[PDB]
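Chemist: This structure is in C-alpha cells; I'll ask about it shortly.
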Amino acid sequence: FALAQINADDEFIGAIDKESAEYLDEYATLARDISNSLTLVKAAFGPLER
Amino acid sequence: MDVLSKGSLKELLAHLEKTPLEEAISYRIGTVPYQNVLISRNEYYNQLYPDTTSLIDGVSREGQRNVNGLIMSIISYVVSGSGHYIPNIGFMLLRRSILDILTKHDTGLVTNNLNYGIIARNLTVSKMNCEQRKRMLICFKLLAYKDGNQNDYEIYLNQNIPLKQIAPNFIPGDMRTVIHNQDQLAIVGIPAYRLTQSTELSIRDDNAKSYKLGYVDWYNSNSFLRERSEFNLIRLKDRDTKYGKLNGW
Amino acid sequence: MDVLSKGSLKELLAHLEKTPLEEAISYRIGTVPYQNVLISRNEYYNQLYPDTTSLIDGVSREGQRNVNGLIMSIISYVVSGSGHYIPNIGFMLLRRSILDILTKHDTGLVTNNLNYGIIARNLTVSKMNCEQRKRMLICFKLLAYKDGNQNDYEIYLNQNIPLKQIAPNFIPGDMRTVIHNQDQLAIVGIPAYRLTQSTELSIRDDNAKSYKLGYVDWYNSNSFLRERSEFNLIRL
Amino acid sequence: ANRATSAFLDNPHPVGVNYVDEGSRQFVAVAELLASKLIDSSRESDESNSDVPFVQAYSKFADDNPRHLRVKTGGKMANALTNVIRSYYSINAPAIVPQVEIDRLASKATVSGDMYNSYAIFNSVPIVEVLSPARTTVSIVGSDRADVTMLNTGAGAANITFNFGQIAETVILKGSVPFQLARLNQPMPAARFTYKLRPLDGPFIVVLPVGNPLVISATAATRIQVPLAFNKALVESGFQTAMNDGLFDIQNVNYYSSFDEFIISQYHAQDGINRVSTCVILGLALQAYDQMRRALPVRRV
Amino acid sequence: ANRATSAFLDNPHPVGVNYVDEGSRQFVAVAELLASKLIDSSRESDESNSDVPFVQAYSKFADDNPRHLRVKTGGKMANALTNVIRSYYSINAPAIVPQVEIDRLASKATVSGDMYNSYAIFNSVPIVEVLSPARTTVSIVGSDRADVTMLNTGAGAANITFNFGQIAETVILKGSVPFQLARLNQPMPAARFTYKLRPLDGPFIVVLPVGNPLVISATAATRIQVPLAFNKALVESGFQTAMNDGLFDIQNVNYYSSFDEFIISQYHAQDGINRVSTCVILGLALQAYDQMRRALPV
Amino acid sequence: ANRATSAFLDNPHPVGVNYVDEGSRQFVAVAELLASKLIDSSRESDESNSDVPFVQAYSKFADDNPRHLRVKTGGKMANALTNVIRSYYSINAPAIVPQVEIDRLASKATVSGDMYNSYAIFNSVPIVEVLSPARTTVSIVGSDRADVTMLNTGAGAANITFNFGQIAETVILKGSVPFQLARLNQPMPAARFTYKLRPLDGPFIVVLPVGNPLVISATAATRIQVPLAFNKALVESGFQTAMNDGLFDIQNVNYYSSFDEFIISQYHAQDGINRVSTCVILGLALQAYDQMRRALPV
C-alpha cells in the first residue's frame, strides 16, 4: 500500500555504477590477503598438535 | 524420484503404502529390454557409443503380461524409478497399493511359483549398486512371507554370499523391527560431493544422474516439504510422529 | 623491422643509405626455395597444411653468388625483412650501403645484363601485395636508370599491366619527384586498437603477422639495447 | 507388362512410436526456440565484442556456465535432442531418454507443441508406377524433378499408364515434344507441351508415337501440416548434418537424399497419416539440431 | 578402358593469394554488416515516409551524404569491395587496393574476422573418375544431382569403377532399377534401389547387366567451415551478379554455374585445402556485394 | 590356411559396470591425491625428526589417528579402495561399498573427477590375425614387441596377410633382413628394413622368399584419453601388487602381464569403447593403491 519509489538515477553515470564497481573490487584485495596470511601462518607454525 | 529419495525402511515402506500400483506401470511403449544398441554421447566421443539396454532403467520397456512381469515392474520402479509396459491390467489391481500387491492375499495374483534366481537375472543384479540390491531384497522378503516360502528366501541368500551380508534385517509382520533398522537405501539425495551437469556414458548412469539433478531442483522447489520451518502447517496424518504405524504389522 | 616500418619513398631511400649490405644478407643456410611442403597449422586443421617455400617468405634461403643472387637478396630484404645466404660476399661489398649497390658505379659490381622478368618470376611477384610490388619496382627503376636501361624497364612494365598501374611515380635522378611522392609503402606499423595473437595459414602471412605483432615491442625497447652495442664501436 | 517406379518411394521403413505425446512435443518446441536464441546471441556477441550474450544464452540452453578447457556441446539438452532424433527415424532405435529429463527440459520456455498450426509445400514427384507395353522402354530418374524417358520401338503407337498416387495435390507435366495425354476412357486432346493434372483424377494414358524418344518432366506440389516455426531451409541442413554425423546409421533402414523425399515416402505408405505426424516432429527437431550445431561447432577437418 | 569425369571438376584455376590476412578479413565482415544495415534502412525509410534512416546508413557506408543530382555508387567502400572480389577469383587479377584503405574501412565497425566458427553444407557431387570397359558407354550429367547413364552392348556383365574422391562426407546413390554395388574385395550384395556410401573407403564397383540402360543418380554433402554470418541464399545471388557484372572476366580462368560448384572444384585440386579459406572469404564478400548492389543499383 | 593371433587379445572378460558415476570418479581421484600426500609425508618426516607430518596425513586419509599398537592399515579408505578395484575387474565381483560411504570419502578433497582431459601412449602391439599358406609356419611371440617368425618351405614365394586391427594409430615394422610389404591391390615396394603403417588403411601382404627364416619386430602406439593425474609407471606397479595381493582372483576371468596388455585387449573387443572408460578408472585406482600400500604394507 505504502510502496516508496526508488529513483537511483544519480547513482549511474551513463551505464556504470561507480559505488558498486568499486565495492566489488575490494574483494580482490581481500582474496590476496587471505592467501598471504594463510601461507605465512603455515610456514611459521607448521603442523599443529594439541 | 520420490521413491529413490527414501532413506530409511520406515520411509520406503510408508511410501509403498500410499503409492498405487499404477505408478509402477508406465503406459508407454518403450523398446525391447535386452538389445545391443549404438547411442550418441557427443560430450566424450564422436563415434557412437555401444551399450546394452536393460530392464533397470529410467525408461519404459516391454514387459511380459504374466505375474512375473508385474513383480519385475514393481522392483524396477523401486530401484530405477520407472516401471514397465504391461498392457490391460484390471482396474482393481491398479488401484491397490504396491505393498498390498507384495504382502496381501486379497489380490488375485498367484506368486507361489516365483523363482528368485530367474528374477534376479532378468532384473540384472550384476549391474545394480549396493543400495539397489538392498531394495530388491526387501521386495523378495515381502513376497516370501506372504507366500510362506521363507525357506526359499534363505536358500537363495545362501547361494549368494554378498547378498546375504547386505540383506536388510526386518520381519515383514512386526513394526518394531522396521523402526530399529539403520540401513540407508537412498539412491538419490543431497550430494556431499560436487555434482555437475555433465552427461554420463552408460544408459543407467546417465538416467540416474538425471534423477539426481532433478531431485536437487525438487529439493529447492516449493513442492519440497521443510519440517523445521513448516511443521505446524502439516496435516496430523502426515506429520512425523514416533508412534506412526503401518496398517496391520 | 625498421625497413618494413618505413611508409614513404623518402624514408625508404634514407634508410637504404644508412644500412650496410651486411643487414640485407644473412648467415643462416636455411632451405632450398620452390619446394612443396606440408606445415603444421593446429589452429585450424588436424591435417598438415600444404604450402610452397619462396624467396619472399621472410626466412633465409640459399642463394647463388652471382649478381642476380645479390640483387634478389636485397629485394627480399626490402619486401620481407630478411635476406638470403650468399657465401663469402667479401668485406668490400659488405661495408657499402644498399643504395650504392643499387645506384652507384663505384661498387665494382656489373649489374647490367639483368632480366627483370626472370628476377620477378624468382621473387614470386604474383604472390606479393601492392606495397611489396611497389617496393620491388622501386629497386628495378634504380637499377635500370643507373645502367642506362630505362627502355628495358618500360618494356617490362608494358608486358605486365597490373604492375604498370601501381608503378612508382619518381625519377631516380630528380630530387623533386622524391619529395612530392605520396606513395604508402609501410608493410608494418603501430595499429589502432590491436591485432589478435593468432596464426595464419600461409608462410608469408604468418611471418608477416609476426613482424606486425612484434613491432610495438620493438619500437619501445630498441633504443637502449642498440645503443649499448653501438657505444665504443666504429660503423661499417 | 513392364512396371517402373520411383526409387525413393520403395519400401519406407517404419518410424518411431515414442516421444509423440504432448509433453515430448513441448520439449522439441522449446529446443528449437532456445537454439534460435543461441545463433542470434552468437552473432550479437561478435558485433559487440563481448561473450556475455552468448554465455547468457548458453546458460539457458545447457544449465551450466562453461569452463575454458571443457568443450561446449550443449549439455543435457543436446544429449536428449540427439537421441530423440534417432528414436523418431526408426523403430529399431533404442529410445533411452527418461521422462523426467523431457519434463524438465520442456519447462524452460513457455511454448506450445502445436504441429498443426500451418502448412508447407513439399516438391517431390511421386510416381507410384508407370505401366508400359512390351516393345516400349521407360526409365524414371530424379525426385525433385522426375524425367521419364520413354522410347517406342514397337510397330504402332503405344499407351503408357501413369499412376501418381493420391496424396499429391498438383502435378505439372512437360515434354520435349508436344504429346497426347488424357484420363482413362476419355478422348485424346490435341498435342500440347504442358498439362496440369489432379493426381486424384485417375490413371493417365500417354500416347507414344514411333520414332524419337519422348521425355516427360514431372513436378509435384504436396501440402503437409507443419508448425508455424517450420523452416524448410533449416530442416534440410539439419537432415544433412544428422546423416553426416552418423545419427541415422541403424540396421534395416532406408536412406533418403532429402527430408523432402523422406516425408513424401512415408506419406505414400499404409498408415501414412500417422507416420507423417511423427516425421513432422522429426523435422522441427532436425531444425533445432542444425541451429545448435552451427553455434557450437565440434568437428574439425 | 574409358574414363568419364565431372565437367565442373576439370582444371580448377588458381585463386588469388591477397587480402586473406586478419585485417582484410575484418574488412569483409565490416562490409557485410554495413551492407545489411543499408538494406534494412531502406526498408525502414519506405515504411516511415522519411529519408532520415537511409541518410544515416548511406553516410556511414560511403562517407558522404546522398544527393539528388549525384548517383549512389556506394563510395570508396563500393570500389574496394569490387576490387577485392576480382582479386579473390584469379591470381592474375591486379589486386590494386592498398592496405591503408583496407585498415581504414575495417575500423568502421568492430567485428572479428573469424572464418571458422561455423560450417555450411554444399550439395555438389564430386565424381573424379568412372572407369568403364569396352562396349560400355558412361555419361555423367549434372553437378547438384549427377545422373550416370550406363549401358553395355557386350555378351557378359561388366564392372564399372566409381571414384568419389576423399573430401565428400556422404554420398547417397539411387538407381532407376535395383542394382548391386560393393567395395573393392567385398562380396556383392542383393540388388537394391539406394546406397549410402562414405567416399573415403575406397573405390566402388557396380555390376552392369546386359539389357536396358541403368541410370544412377548421385547426391553428396560436404561440410566446410564458414563464418557465422554466412548465408547460402545471399552468396549464390552475389555470385550470379558478379558474373553478370564482369567482375570474373579474367583471362585463363574457368567458370561455374553456382558457388558450390566453385568451392568443390577448388577443394579437389592437388592441394585443395589451400583454396578453401580464400574461397570462403570470397563467398562472404559476394554476400556483401549482393546486399549493397540491391540497395544501390547501377 | 593357418591363422595365428596374439595370445593376450583372446577372450576379453567383461569389466564391471559399477563405480563409474561422477561421485565414484571423484572418490578415486581423492584417493590418488591423498595417497600422494601420504608418500610425501615420509620425506617431510625426514627433514625434521618428528612424525607429525605422517600422523597428520594418515588422519586425513584414514579418519583415525595412527597407533603404535596395531599395524597401520588405512582405515575406511583402504577397504573402499580395495573393494572398488575388485568390482572394476569383473562383472561377477560384488559391489560391496555403499554409495553413501563413497560420497563421504569424496568430500575429503576438492578434486574434480574428469577422466578425459589428457592422453597416454600404450605400446602393446595388436595382431588380430596372421594368415599364411599351407607350407609356411608362422609364430607370433610377445606383446610389447611382437616377434613374428615365418619360415617358407614350399617351392615358390608365399604371401602372408597381416591384420593389425582398427584401433592402433601407428605400427612400425622392422625385419631381420629386408622384405617387401604392400597394402592389398597396391604394387610391391623394393626391399626395405623398416615400414611405417597406419592400421586403418587395410590388410598388408608380405612376400616370403624361400630360404632362411624372416623375423619381423612390430611396435605399436595407441592414444587413450586419461586423467591428467595419470602416471603410467605408478599404474603398472599397482597392477602387479593387485595381482599379487589377490584382488583379481575371481572365477571366469583372464589374466594379463601388464596394464598395457589389459587395456588394449579390452579395447579390441566387440564393444571395446565402453570398456576403456572403466579400465582407465581402474588404472587411476591402481595408481592410488600402489602409493598407499607402499606407505602402509600389510
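All residue names refer to the C-alpha cells as shown: chains lettered A, B, ... in order, residues numbered from 1 in each chain, ligands numbered from 1 in order.
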Contacts of stretch 41-56 of chain D at 8 Å or less, counting only C-alpha atoms, minus same-chain residues fewer than 2 places along, as a list in words?
Modeler: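 The filter keeps residues 37, 38, 39, 58, 59, 60, 65, 66 and 295 of chain D; 109, 110, 111, 112, 228 and 229 of chain E.
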Chemist: Would you put the residues from that selection into a file with N, CA, C and O atoms, as a PDB file, in the first residue's frame?
Modeler:
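File selection-v3.pdb, as written:
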ATOM      1  N   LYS D  37      17.811 -18.699 -30.219  1.00  0.00           N
ATOM      2  CA  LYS D  37      18.469 -17.674 -29.414  1.00  0.00           C
ATOM      3  C   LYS D  37      19.977 -17.881 -29.385  1.00  0.00           C
ATOM      4  O   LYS D  37      20.742 -16.913 -29.324  1.00  0.00           O
ATOM      5  N   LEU D  38      20.421 -19.139 -29.417  1.00  0.00           N
ATOM      6  CA  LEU D  38      21.851 -19.428 -29.378  1.00  0.00           C
ATOM      7  C   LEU D  38      22.560 -18.862 -30.602  1.00  0.00           C
ATOM      8  O   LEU D  38      23.651 -18.290 -30.494  1.00  0.00           O
ATOM      9  N   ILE D  39      21.955 -19.017 -31.782  1.00  0.00           N
ATOM     10  CA  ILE D  39      22.554 -18.486 -33.003  1.00  0.00           C
ATOM     11  C   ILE D  39      22.534 -16.961 -32.984  1.00  0.00           C
ATOM     12  O   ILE D  39      23.529 -16.305 -33.316  1.00  0.00           O
ATOM     13  N   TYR D  58      23.832 -19.580 -23.636  1.00  0.00           N
ATOM     14  CA  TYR D  58      24.266 -20.953 -23.403  1.00  0.00           C
ATOM     15  C   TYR D  58      23.867 -21.443 -22.019  1.00  0.00           C
ATOM     16  O   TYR D  58      23.617 -22.639 -21.835  1.00  0.00           O
ATOM     17  N   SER D  59      23.805 -20.541 -21.038  1.00  0.00           N
ATOM     18  CA  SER D  59      23.397 -20.937 -19.695  1.00  0.00           C
ATOM     19  C   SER D  59      21.942 -21.383 -19.672  1.00  0.00           C
ATOM     20  O   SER D  59      21.578 -22.304 -18.932  1.00  0.00           O
ATOM     21  N   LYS D  60      21.090 -20.738 -20.469  1.00  0.00           N
ATOM     22  CA  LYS D  60      19.696 -21.156 -20.540  1.00  0.00           C
ATOM     23  C   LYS D  60      19.551 -22.473 -21.290  1.00  0.00           C
ATOM     24  O   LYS D  60      18.696 -23.298 -20.949  1.00  0.00           O
ATOM     25  N   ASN D  65      27.470 -22.869 -16.726  1.00  0.00           N
ATOM     26  CA  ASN D  65      28.412 -21.883 -17.227  1.00  0.00           C
ATOM     27  C   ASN D  65      29.665 -22.603 -17.693  1.00  0.00           C
ATOM     28  O   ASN D  65      30.307 -23.290 -16.882  1.00  0.00           O
ATOM     29  N   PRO D  66      30.044 -22.488 -18.961  1.00  0.00           N
ATOM     30  CA  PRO D  66      31.155 -23.296 -19.472  1.00  0.00           C
ATOM     31  C   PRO D  66      32.489 -22.905 -18.856  1.00  0.00           C
ATOM     32  O   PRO D  66      32.716 -21.754 -18.476  1.00  0.00           O
ATOM     33  N   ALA D 295      26.060 -23.151 -34.035  1.00  0.00           N
ATOM     34  CA  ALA D 295      26.550 -22.252 -32.997  1.00  0.00           C
ATOM     35  C   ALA D 295      27.625 -22.907 -32.138  1.00  0.00           C
ATOM     36  O   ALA D 295      28.429 -22.205 -31.517  1.00  0.00           O
TER      37      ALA D 295
ATOM     38  N   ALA E 109      33.385  -0.620 -38.085  1.00  0.00           N
ATOM     39  CA  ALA E 109      32.654  -1.446 -37.140  1.00  0.00           C
ATOM     40  C   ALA E 109      33.626  -2.391 -36.449  1.00  0.00           C
ATOM     41  O   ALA E 109      34.749  -2.607 -36.908  1.00  0.00           O
ATOM     42  N   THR E 110      33.178  -2.956 -35.330  1.00  0.00           N
ATOM     43  CA  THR E 110      34.004  -3.848 -34.518  1.00  0.00           C
ATOM     44  C   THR E 110      33.442  -5.260 -34.637  1.00  0.00           C
ATOM     45  O   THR E 110      32.596  -5.681 -33.850  1.00  0.00           O
ATOM     46  N   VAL E 111      33.922  -5.995 -35.637  1.00  0.00           N
ATOM     47  CA  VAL E 111      33.541  -7.386 -35.843  1.00  0.00           C
ATOM     48  C   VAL E 111      34.799  -8.204 -36.091  1.00  0.00           C
ATOM     49  O   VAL E 111      35.684  -7.793 -36.851  1.00  0.00           O
ATOM     50  N   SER E 112      34.886  -9.357 -35.436  1.00  0.00           N
ATOM     51  CA  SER E 112      36.018 -10.246 -35.632  1.00  0.00           C
ATOM     52  C   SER E 112      35.993 -10.843 -37.034  1.00  0.00           C
ATOM     53  O   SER E 112      34.934 -11.027 -37.639  1.00  0.00           O
ATOM     54  N   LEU E 228      29.963 -17.238 -39.193  1.00  0.00           N
ATOM     55  CA  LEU E 228      28.604 -17.292 -38.666  1.00  0.00           C
ATOM     56  C   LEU E 228      27.620 -16.582 -39.587  1.00  0.00           C
ATOM     57  O   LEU E 228      26.499 -17.057 -39.797  1.00  0.00           O
ATOM     58  N   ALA E 229      28.023 -15.442 -40.144  1.00  0.00           N
ATOM     59  CA  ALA E 229      27.142 -14.628 -40.971  1.00  0.00           C
ATOM     60  C   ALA E 229      26.956 -15.181 -42.376  1.00  0.00           C
ATOM     61  O   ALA E 229      26.309 -14.524 -43.199  1.00  0.00           O
TER      62      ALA E 229
END
Chemist: Name the residues of stretch 54-160 of chain C that fall into helix (DSSP H, G or I) according to DSSP on the backbone, using the chain letters and numbers of this document, as a PyMOL selection string.
Modeler: chain C and resi 67-80+91-94+98-103+116-122+130-146+150-159
Chemist: Just want the 10 Å neighbourhood of residue B:166, counted on only C-alpha atoms, with same-chain residues fewer than 5 positions away dropped. Output as number ranges by chain.
Modeler: B: 130-131, 133-134, 137, 161, 183; F: 96, 98
Chemist: Just to be explicit: take each residue in the selection above, keep C-alpha atoms, and write the result as an mmCIF file, in the first residue's frame.
Modeler:
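So the final result, stored in result09.cif, reads:
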data_model
loop_
_atom_site.group_PDB
_atom_site.id
_atom_site.type_symbol
_atom_site.label_atom_id
_atom_site.label_comp_id
_atom_site.auth_asym_id
_atom_site.auth_seq_id
_atom_site.Cartn_x
_atom_site.Cartn_y
_atom_site.Cartn_z
ATOM 1 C CA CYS B 130 24.587 -51.814 -3.160
ATOM 2 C CA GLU B 131 21.554 -49.642 -2.387
ATOM 3 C CA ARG B 133 20.365 -54.596 -4.291
ATOM 4 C CA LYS B 134 19.159 -53.870 -0.755
ATOM 5 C CA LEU B 137 15.968 -57.922 -1.214
ATOM 6 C CA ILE B 161 27.363 -64.674 -0.156
ATOM 7 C CA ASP B 183 20.042 -49.285 6.735
ATOM 8 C CA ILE F 96 30.150 -54.161 -1.658
ATOM 9 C CA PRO F 98 27.769 -48.368 -0.386
#
Chemist: Provide as a list in words the residues of chain B at most 8 Å from chain D, counting only C-alpha atoms.
Modeler: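 The contacting residues on chain B are residues 28, 29, 30, 31, 37, 38, 39, 40, 41, 42, 43, 48, 53, 58, 59, 197, 198, 199, 203, 207, 210, 211 and 214 of chain B.
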Chemist: Write to file, as a short mmCIF file (atom, residue, chain, number, x, y, z; two decimals), in the first residue's frame, the residues of the selection just made, with C-alpha atoms.
Modeler:
data_model
loop_
_atom_site.label_atom_id
_atom_site.label_comp_id
_atom_site.auth_asym_id
_atom_site.auth_seq_id
_atom_site.Cartn_x
_atom_site.Cartn_y
_atom_site.Cartn_z
CA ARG B 28 4.47 -46.02 -22.65
CA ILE B 29 5.56 -48.45 -25.35
CA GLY B 30 9.31 -48.35 -24.72
CA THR B 31 11.55 -50.81 -26.56
CA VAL B 37 22.36 -50.60 -29.36
CA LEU B 38 24.54 -47.72 -30.54
CA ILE B 39 23.86 -44.46 -28.72
CA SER B 40 25.08 -40.88 -29.14
CA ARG B 41 27.38 -39.40 -26.47
CA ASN B 42 28.88 -36.34 -28.14
CA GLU B 43 30.42 -34.81 -25.00
CA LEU B 48 28.61 -43.74 -31.49
CA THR B 53 19.56 -51.87 -22.82
CA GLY B 58 14.56 -44.81 -16.05
CA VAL B 59 12.69 -45.53 -19.29
CA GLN B 197 25.53 -31.01 -15.21
CA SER B 198 27.75 -33.11 -17.48
CA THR B 199 26.42 -36.22 -19.19
CA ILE B 203 22.28 -45.51 -20.12
CA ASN B 207 19.49 -41.85 -16.44
CA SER B 210 19.02 -37.13 -14.48
CA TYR B 211 17.17 -38.24 -11.35
CA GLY B 214 16.16 -33.48 -10.75
#
Chemist: Would you mind listing, for every residue of chain C within 7 Å of chain E, the two atoms forming the shortest contact and the distance between them in Å to one decimal, using only C-alpha atoms, sorted by chain and ascending residue number, as JSON lines?
Modeler:
{"residue": "C:50", "atom": "CA", "partner": "E:271", "partner_atom": "CA", "distance": 6.4}
{"residue": "C:126", "atom": "CA", "partner": "E:91", "partner_atom": "CA", "distance": 6.9}
{"residue": "C:127", "atom": "CA", "partner": "E:17", "partner_atom": "CA", "distance": 6.1}
{"residue": "C:129", "atom": "CA", "partner": "E:18", "partner_atom": "CA", "distance": 6.4}
{"residue": "C:130", "atom": "CA", "partner": "E:96", "partner_atom": "CA", "distance": 6.1}
{"residue": "C:162", "atom": "CA", "partner": "E:94", "partner_atom": "CA", "distance": 4.7}
{"residue": "C:205", "atom": "CA", "partner": "E:21", "partner_atom": "CA", "distance": 6.6}
Chemist: Output the selection as a PDB file, in the first residue's frame - N, CA, C and O atoms for each residue.
Modeler:
ATOM      1  N   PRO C  50      49.415 -27.789 -46.842  1.00  0.00           N
ATOM      2  CA  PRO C  50      50.380 -27.614 -47.932  1.00  0.00           C
ATOM      3  C   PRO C  50      50.732 -26.154 -48.163  1.00  0.00           C
ATOM      4  O   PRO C  50      49.932 -25.247 -47.923  1.00  0.00           O
ATOM      5  N   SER C 126      53.738 -12.646 -58.311  1.00  0.00           N
ATOM      6  CA  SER C 126      52.302 -12.903 -58.316  1.00  0.00           C
ATOM      7  C   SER C 126      51.759 -13.092 -56.906  1.00  0.00           C
ATOM      8  O   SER C 126      50.543 -13.015 -56.699  1.00  0.00           O
ATOM      9  N   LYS C 127      52.633 -13.337 -55.931  1.00  0.00           N
ATOM     10  CA  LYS C 127      52.192 -13.584 -54.564  1.00  0.00           C
ATOM     11  C   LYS C 127      52.328 -12.367 -53.659  1.00  0.00           C
ATOM     12  O   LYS C 127      51.716 -12.339 -52.585  1.00  0.00           O
ATOM     13  N   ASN C 129      51.918  -8.417 -52.344  1.00  0.00           N
ATOM     14  CA  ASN C 129      50.808  -7.478 -52.320  1.00  0.00           C
ATOM     15  C   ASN C 129      51.226  -6.149 -52.951  1.00  0.00           C
ATOM     16  O   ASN C 129      52.313  -6.019 -53.521  1.00  0.00           O
ATOM     17  N   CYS C 130      50.352  -5.144 -52.851  1.00  0.00           N
ATOM     18  CA  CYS C 130      50.582  -3.873 -53.531  1.00  0.00           C
ATOM     19  C   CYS C 130      51.829  -3.174 -53.001  1.00  0.00           C
ATOM     20  O   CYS C 130      52.636  -2.651 -53.777  1.00  0.00           O
ATOM     21  N   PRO C 162      49.161  -5.185 -64.683  1.00  0.00           N
ATOM     22  CA  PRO C 162      48.879  -4.906 -63.261  1.00  0.00           C
ATOM     23  C   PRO C 162      49.999  -4.170 -62.547  1.00  0.00           C
ATOM     24  O   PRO C 162      49.725  -3.346 -61.665  1.00  0.00           O
ATOM     25  N   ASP C 205      52.021 -15.073 -44.826  1.00  0.00           N
ATOM     26  CA  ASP C 205      51.061 -14.369 -43.981  1.00  0.00           C
ATOM     27  C   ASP C 205      51.425 -14.482 -42.506  1.00  0.00           C
ATOM     28  O   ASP C 205      51.342 -13.498 -41.762  1.00  0.00           O
TER      29      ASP C 205
END
Chemist: Residues within 10 Å of residue D:169, please, as a tab-separated table (two decimals) with N, CA, C and O atoms, in the first residue's frame. Count only C-alpha atoms; anything in the same chain fewer than 3 positions from it doesn't count.
Modeler:
chain	number	residue	atom	x	y	z
D	165	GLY	N	-0.26	-41.56	-57.67
D	165	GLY	CA	-0.75	-41.66	-56.31
D	165	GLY	C	-1.95	-40.77	-56.08
D	165	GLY	O	-2.56	-40.21	-56.99
D	166	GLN	N	-2.30	-40.64	-54.80
D	166	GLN	CA	-3.44	-39.84	-54.38
D	166	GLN	C	-3.11	-38.79	-53.34
D	166	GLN	O	-4.02	-38.04	-52.94
D	197	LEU	N	-2.45	-31.50	-63.90
D	197	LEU	CA	-3.26	-32.65	-63.53
D	197	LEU	C	-3.54	-32.68	-62.04
D	197	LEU	O	-2.70	-32.27	-61.23
D	198	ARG	N	-4.72	-33.18	-61.68
D	198	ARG	CA	-5.01	-33.56	-60.31
D	198	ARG	C	-4.74	-35.04	-60.15
D	198	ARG	O	-5.35	-35.86	-60.85
D	199	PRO	N	-3.82	-35.45	-59.26
D	199	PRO	CA	-3.48	-36.87	-59.16
D	199	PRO	C	-4.65	-37.76	-58.77
D	199	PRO	O	-4.61	-38.97	-59.04
D	200	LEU	N	-5.69	-37.20	-58.16
D	200	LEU	CA	-6.87	-37.98	-57.78
D	200	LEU	C	-7.79	-38.28	-58.95
D	200	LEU	O	-8.72	-39.08	-58.79
D	220	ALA	N	5.67	-31.88	-58.83
D	220	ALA	CA	4.53	-32.07	-57.94
D	220	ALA	C	4.59	-31.10	-56.78
D	220	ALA	O	5.66	-30.57	-56.44
D	221	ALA	N	3.43	-30.86	-56.16
D	221	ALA	CA	3.31	-29.98	-55.01
D	221	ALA	C	2.38	-30.63	-54.00
D	221	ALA	O	1.20	-30.84	-54.29
D	222	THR	N	2.90	-30.94	-52.82
D	222	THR	CA	2.13	-31.54	-51.74
D	222	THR	C	2.17	-30.63	-50.52
D	222	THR	O	3.22	-30.09	-50.17
D	223	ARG	N	1.02	-30.48	-49.88
D	223	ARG	CA	0.88	-29.60	-48.72
D	223	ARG	C	0.70	-30.46	-47.47
D	223	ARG	O	-0.23	-31.27	-47.40
Chemist: Quick one: everything within 10 Å of stretch 138-155 of chain E, counting only C-alpha atoms, minus sequence neighbours fewer than 5 positions away in the same chain. Send it as an MDAnalysis selection string.
Modeler: (chainID D and resid 141:144) or (chainID E and resid 2:9 122:127 129:133 160 173:176 208:221 257:258 260:261)
Chemist: In Å, rounded to a single decimal, give me how far atom CA of residue F:86 is from atom CA of residue F:242.
Modeler: 9.1 Å
Chemist: Report the distance between atom CA of residue E:226 and atom CA of residue E:289 in Å, rounded to one decimal place.
Modeler: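 Distance reported for this atom pair: 17.3 Å.
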Chemist: Can you tell me, as a PDB file with N, CA and C atoms, in the first residue's frame, what residues are no more than 12 Å from residue B:91 when counting only C-alpha atoms, ignoring any on the same chain fewer than 4 positions away?
Modeler:
ATOM      1  N   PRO B  20      -0.221 -46.169  -5.307  1.00  0.00           N
ATOM      2  CA  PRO B  20      -0.942 -47.234  -6.008  1.00  0.00           C
ATOM      3  C   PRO B  20      -0.066 -47.898  -7.064  1.00  0.00           C
ATOM      4  N   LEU B  21      -0.502 -49.087  -7.488  1.00  0.00           N
ATOM      5  CA  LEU B  21       0.265 -49.872  -8.448  1.00  0.00           C
ATOM      6  C   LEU B  21       0.373 -49.197  -9.808  1.00  0.00           C
ATOM      7  N   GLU B  22      -0.523 -48.257 -10.121  1.00  0.00           N
ATOM      8  CA  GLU B  22      -0.490 -47.623 -11.434  1.00  0.00           C
ATOM      9  C   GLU B  22       0.801 -46.844 -11.648  1.00  0.00           C
ATOM     10  N   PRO B  87       0.292 -54.363 -20.684  1.00  0.00           N
ATOM     11  CA  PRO B  87      -0.990 -53.872 -21.196  1.00  0.00           C
ATOM     12  C   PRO B  87      -2.190 -54.524 -20.529  1.00  0.00           C
ATOM     13  N   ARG B  95      -5.578 -49.879  -8.645  1.00  0.00           N
ATOM     14  CA  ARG B  95      -5.881 -49.014  -7.512  1.00  0.00           C
ATOM     15  C   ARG B  95      -5.301 -49.534  -6.205  1.00  0.00           C
ATOM     16  N   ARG B  96      -4.847 -50.782  -6.173  1.00  0.00           N
ATOM     17  CA  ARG B  96      -4.226 -51.325  -4.975  1.00  0.00           C
ATOM     18  C   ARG B  96      -2.833 -50.739  -4.782  1.00  0.00           C
ATOM     19  N   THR B 107      -5.627 -59.615  -3.208  1.00  0.00           N
ATOM     20  CA  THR B 107      -5.452 -59.562  -4.649  1.00  0.00           C
ATOM     21  C   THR B 107      -5.408 -60.971  -5.231  1.00  0.00           C
TER      22      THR B 107
END
Chemist: Would you kindly return, as a PyMOL selection string, each protein, DNA or RNA residue with an atom no farther than 12 Å from any atom of stretch 46-63 of chain F, considering only C-alpha atoms and excluding same-chain residues fewer than 2 positions away?
Modeler: (chain A and resi 46-50) or (chain F and resi 27+30-44+65-68+72-81+104-109+288+292+295-296)
Chemist: Taking a cut-off of 12 Å and counting only C-alpha atoms, can you build a table that, for each residue of chain F near chain D, reports the nearest atom pair and how far apart they are in Å (one decimal), sorted by chain then residue number, as a Markdown table?
Modeler:
| residue | atom | partner | partner_atom | distance |
| --- | --- | --- | --- | --- |
| F:114 | CA | D:70 | CA | 9.8 |
| F:115 | CA | D:70 | CA | 11.8 |
| F:116 | CA | D:70 | CA | 9.6 |
| F:117 | CA | D:70 | CA | 8.3 |
| F:118 | CA | D:69 | CA | 11.2 |
Chemist: Please dump the current selection as a CSV table (one decimal), in the first residue's frame; keep N, CA and C atoms.
Modeler:
chain,number,residue,atom,x,y,z
F,114,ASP,N,37.4,-35.6,-13.7
F,114,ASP,CA,37.4,-35.6,-15.1
F,114,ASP,C,38.5,-36.5,-15.7
F,115,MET,N,38.0,-37.6,-16.3
F,115,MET,CA,38.9,-38.6,-16.8
F,115,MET,C,39.3,-38.5,-18.3
F,116,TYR,N,38.9,-37.4,-18.9
F,116,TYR,CA,39.1,-37.2,-20.4
F,116,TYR,C,39.8,-35.9,-20.7
F,117,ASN,N,40.7,-35.5,-19.8
F,117,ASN,CA,41.4,-34.2,-20.0
F,117,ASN,C,42.9,-34.4,-20.4
F,118,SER,N,43.3,-35.6,-20.8
F,118,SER,CA,44.7,-35.9,-21.2
F,118,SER,C,44.7,-37.1,-22.0
